[PDB]
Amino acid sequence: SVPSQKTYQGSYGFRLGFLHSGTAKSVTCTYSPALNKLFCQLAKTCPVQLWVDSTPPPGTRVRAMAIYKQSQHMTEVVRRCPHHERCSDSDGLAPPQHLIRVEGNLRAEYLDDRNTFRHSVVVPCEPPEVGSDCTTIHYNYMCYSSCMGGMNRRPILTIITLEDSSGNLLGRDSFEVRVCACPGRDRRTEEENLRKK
């Protein structure tokens, strides 16, 4: 009833990577290594790199799922709030309840788990474009961390799993997410709080 968040590189040496976007007031997505935390604006592009040491088999897929970070909320399904699930901002593929979307990939599949009711979005693994050393997925987060009746100020983490064609685990990584109006300032604030602690 709670998905694992254990980092697991597995046989293929799977791990995530993030750009270095800085903390200017205008930034729309920025990752803090010190906090292992992505800060992003509502519905804006979040580039997440996938890195491996060796090529996984054809049919390998990459799944994203959100869970609440705090143990007393971990069993609650992370979903969009009562406002955003009704705002008809559909892309034709993502169910309106799903917090996490993949942008610009017609092969993205969205799962409502029949037993846990949790949401996830999964895409096929594709090799890097010629001249690149990693593959990038573009995610969108479709509610603010603060949305009442949804995340309601509770922190979440995104779990990224590398899976075989049956859905068996090959690799896992994760990061905390805050969806907020000013990710640059919030990253600076939280990094300073960490330093002061």
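Numbering starts at 1 and runs along the sequence shown.
Across the two stretches, 126-134 and 142-150, the PDB entry reports the greater mean Cα temperature factor for 126-134. If you average the C-alpha B-factors over 22-30 and over 42-50, the higher value belongs to 22-30. Residues shown: 114, 119, 84, 101. Highest C-alpha temperature factor in the entry: 114. Among all modelled residues in its chain, residue 78 ranks in the lowest third by Cα B-factor. In this PDB entry, residue 36 carries a Cα temperature factor that places it within the lowest third of its chain's modelled residues. In the deposited entry, the Cα temperature factor of residue 161 places it in the lowest third of its chain's modelled residues. Per-chain ranking of the deposited C-alpha B factor places residue 70 in the highest third.
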